[PDB]
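K.L.:
Take a look at this one; I'll ask things after.
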Amino acid sequence: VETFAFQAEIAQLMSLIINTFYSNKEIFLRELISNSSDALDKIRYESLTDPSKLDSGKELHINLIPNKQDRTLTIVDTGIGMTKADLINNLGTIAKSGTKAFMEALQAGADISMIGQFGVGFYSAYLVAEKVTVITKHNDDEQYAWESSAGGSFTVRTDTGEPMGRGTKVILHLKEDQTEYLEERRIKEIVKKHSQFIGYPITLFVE
Ligand SMILES: CCC(=O)Nc1onc(-c2cc(Cl)c(O)cc2O)c1-c1ccc(OC)cc1
């Protein structure tokens with residue numbers, strides 16, 4: 001297991017997301033589904049000229065898996081996946097510059113829900129999760145697990161879990177007071193509100 005420090009800017013972003021009073025937490029799901037959609041677009045586009053890139057799985061979809069026993073909401077996609085380097089490099093984001101812009105925007109009247117316009121929507125996971133685990137597999141690399149409970153550091157390790165084939169799994173270990181996001185009615189409502197036109201099937205698993 002390798003432990004890394006977040007860059008100062010990202011640690012600051014995470015602290016802001018965790019400590020700022022902001023009731024409209026449900027946008028985290030929109031942001032994560034948007035990331036999955038982007039990753040699905042990328043593998044789709046690459047497959048247009050090289051169909052072998054789908055040898056690791058032809059289906060392009062998003063699954064939402066609540067588990068009330070474990071208090072986890074998991075978002076699974078079969079998009080392009082991230083390399084180890086991507087994970088370490090802020091989950092494939094322009095986190096330093098994006099955070100800078102987001103901060104200035106918040107002073108220019110913006111609110112936290114606009115975080116995706118600054119390329120760092122992933123971190124909205126911390127609106128509802130005390131810990132986030134990201135398991136990912138890119139065609140050109142091995143399967144890795146990234147994890148962080150904030151507090152300035154994250155870990156990366158080779159994943160020993162179920163082989164994914166290709167794509168990304170985000171496991172949200174929910175805060176005790178955020179269990180509404182495990183309720184079928186609530187998830188359906190949020191997907192319909194914010195993700196109605198996403199171009200991949202979104203399947204909400206039941207328990
Ligand atoms: C497609 C992008 C890319 O090159 N590679 C990716 O491969 N997998 C993911 C991914 C990342 C997260 Cl955090 C997720 O929740 C779900 C995902 O499938 C991304 C990705 C998506 C949006 C980004 O910035 C907006 C940066 C990276």
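FYI, nothing fancy with the structure tokens labels: chains A, B, ... in order, residues from 1 per chain, ligands from 1 as they appear.
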Please, which residues have at least one atom within 7 Å of an atom of ligand 1, using only C-alpha atoms and all ligand atoms, listed as number ranges by chain?
P.N.:
A: 32-33, 35-42, 77, 79-82, 91-93, 119-122, 167-170
K.L.:
Hey, what's within 9 Å of segment 183-187 of chain A if we count only C-alpha atoms and toss same-chain stuff fewer than 5 positions away? As a count of residues only, please?
P.N.:
8
K.L.:
To one decimal place in Å, what is the distance between atom CA of residue 69 of chain A and atom CA of residue 129 of chain A?
P.N.:
15.4 Å
K.L.:
Looking at only C-alpha atoms, which of A:25, A:156, A:173, A:7 is the one that sits closest to residue 71 of chain A?
P.N.:
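With only C-alpha atoms as the atom set, the closest residue is A:173.
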K.L.:
Please provide as an NGL selection string all residues within 8 Å of residue 57 of chain A, with the sequence filter that same-chain residues fewer than 6 positions apart are discarded (counting only C-alpha atoms).
P.N.:
:A and (78 or 165-166)
K.L.:
So, with only C-alpha atoms as the atoms that count, which of A:142, A:31, A:26, A:70 lies closest to residue 176 of chain A?
P.N.:
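Answer, going by the shortest atom-to-atom distance: A:70.
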K.L.:
Need to verify the contact set: segment 11-14 of chain A, 8 Å, only C-alpha atoms, exclusion of same-chain residues closer than 6 positions in sequence. Can you return it as a PyMOL selection string?
P.N.:
chain A and resi 99+123+126+150-152
K.L.:
With N, CA and C atoms retained, export the selected residues as a short mmCIF file (atom, residue, chain, number, x, y, z; two decimals), in the first residue's frame.
P.N.:
data_model
loop_
_atom_site.label_atom_id
_atom_site.label_comp_id
_atom_site.auth_asym_id
_atom_site.auth_seq_id
_atom_site.Cartn_x
_atom_site.Cartn_y
_atom_site.Cartn_z
N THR A 99 -9.38 23.76 -9.18
CA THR A 99 -9.68 24.23 -7.83
C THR A 99 -9.51 25.74 -7.72
N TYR A 123 -14.83 15.32 -6.20
CA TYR A 123 -14.61 15.59 -4.78
C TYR A 123 -15.92 15.90 -4.06
N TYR A 126 -17.46 13.82 -1.15
CA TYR A 126 -17.24 14.07 0.28
C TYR A 126 -18.35 14.90 0.94
N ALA A 150 -10.17 11.57 3.40
CA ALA A 150 -9.75 12.96 3.48
C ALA A 150 -8.61 13.06 4.50
N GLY A 151 -8.54 14.16 5.24
CA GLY A 151 -7.47 14.29 6.21
C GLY A 151 -6.09 14.39 5.59
N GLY A 152 -6.05 14.73 4.31
CA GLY A 152 -4.79 15.09 3.67
C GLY A 152 -4.05 14.01 2.91
#
K.L.:
Pick out the residues sitting within 7 Å of residue 30 of chain A, and hand them over as a PDB file with N, CA, C and O atoms, in the first residue's frame; count only C-alpha atoms, and ignore anything fewer than 4 positions along from it in its own chain.
P.N.:
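Result file follows (part-v8.pdb):
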ATOM      1  N   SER A  34     -21.892  11.877 -14.217  1.00  0.00           N
ATOM      2  CA  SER A  34     -21.289  12.643 -15.297  1.00  0.00           C
ATOM      3  C   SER A  34     -19.869  12.148 -15.582  1.00  0.00           C
ATOM      4  O   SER A  34     -19.493  11.988 -16.741  1.00  0.00           O
ATOM      5  N   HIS A 194     -31.497  15.044 -12.336  1.00  0.00           N
ATOM      6  CA  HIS A 194     -30.199  15.588 -12.737  1.00  0.00           C
ATOM      7  C   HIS A 194     -29.502  14.842 -13.868  1.00  0.00           C
ATOM      8  O   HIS A 194     -28.568  15.378 -14.470  1.00  0.00           O
ATOM      9  N   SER A 195     -29.924  13.611 -14.131  1.00  0.00           N
ATOM     10  CA  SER A 195     -29.208  12.731 -15.053  1.00  0.00           C
ATOM     11  C   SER A 195     -30.141  12.104 -16.084  1.00  0.00           C
ATOM     12  O   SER A 195     -29.859  11.029 -16.616  1.00  0.00           O
TER      13      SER A 195
END
K.L.:
Between atom CA of residue 148 of chain A and atom CA of residue 172 of chain A, what distance in Å does the model show, to one decimal?
P.N.:
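Atom CA of residue 172 of chain A lies 10.5 Å from atom CA of residue 148 of chain A.
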K.L.:
Which residues are near residue 203 of chain A? Cut-off 10 Å, only C-alpha atoms, ignore same chain within fewer than 4 positions. Put them as a ChimeraX atom specification.
P.N.:
/A:61-65,75-76,188
K.L.:
Output N, CA, C and O atoms for every residue in that selection, as a JSON list (two decimals), in the first residue's frame.
P.N.:
[["chain", "number", "residue", "atom", "x", "y", "z"],
["A", 61, "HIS", "N", -22.29, 0.87, -19.76],
["A", 61, "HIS", "CA", -23.40, 1.13, -18.86],
["A", 61, "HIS", "C", -22.95, 1.65, -17.51],
["A", 61, "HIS", "O", -21.75, 1.67, -17.20],
["A", 62, "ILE", "N", -23.93, 2.07, -16.72],
["A", 62, "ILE", "CA", -23.72, 2.55, -15.37],
["A", 62, "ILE", "C", -24.66, 1.82, -14.42],
["A", 62, "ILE", "O", -25.87, 1.76, -14.68],
["A", 63, "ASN", "N", -24.13, 1.24, -13.34],
["A", 63, "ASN", "CA", -24.96, 0.58, -12.34],
["A", 63, "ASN", "C", -24.86, 1.34, -11.03],
["A", 63, "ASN", "O", -23.78, 1.78, -10.64],
["A", 64, "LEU", "N", -25.99, 1.49, -10.35],
["A", 64, "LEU", "CA", -26.00, 2.10, -9.03],
["A", 64, "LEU", "C", -26.41, 1.04, -8.03],
["A", 64, "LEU", "O", -27.48, 0.43, -8.15],
["A", 65, "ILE", "N", -25.55, 0.80, -7.05],
["A", 65, "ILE", "CA", -25.74, -0.33, -6.14],
["A", 65, "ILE", "C", -25.74, 0.12, -4.68],
["A", 65, "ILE", "O", -24.68, 0.30, -4.09],
["A", 75, "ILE", "N", -21.13, 3.18, -7.43],
["A", 75, "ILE", "CA", -21.44, 3.56, -8.81],
["A", 75, "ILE", "C", -20.44, 2.84, -9.70],
["A", 75, "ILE", "O", -19.23, 3.04, -9.56],
["A", 76, "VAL", "N", -20.93, 1.99, -10.59],
["A", 76, "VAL", "CA", -20.05, 1.20, -11.44],
["A", 76, "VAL", "C", -20.25, 1.58, -12.88],
["A", 76, "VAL", "O", -21.39, 1.68, -13.34],
["A", 188, "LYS", "N", -33.80, 7.20, -7.37],
["A", 188, "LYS", "CA", -34.59, 7.36, -8.59],
["A", 188, "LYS", "C", -34.90, 8.83, -8.81],
["A", 188, "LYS", "O", -34.79, 9.34, -9.92]]
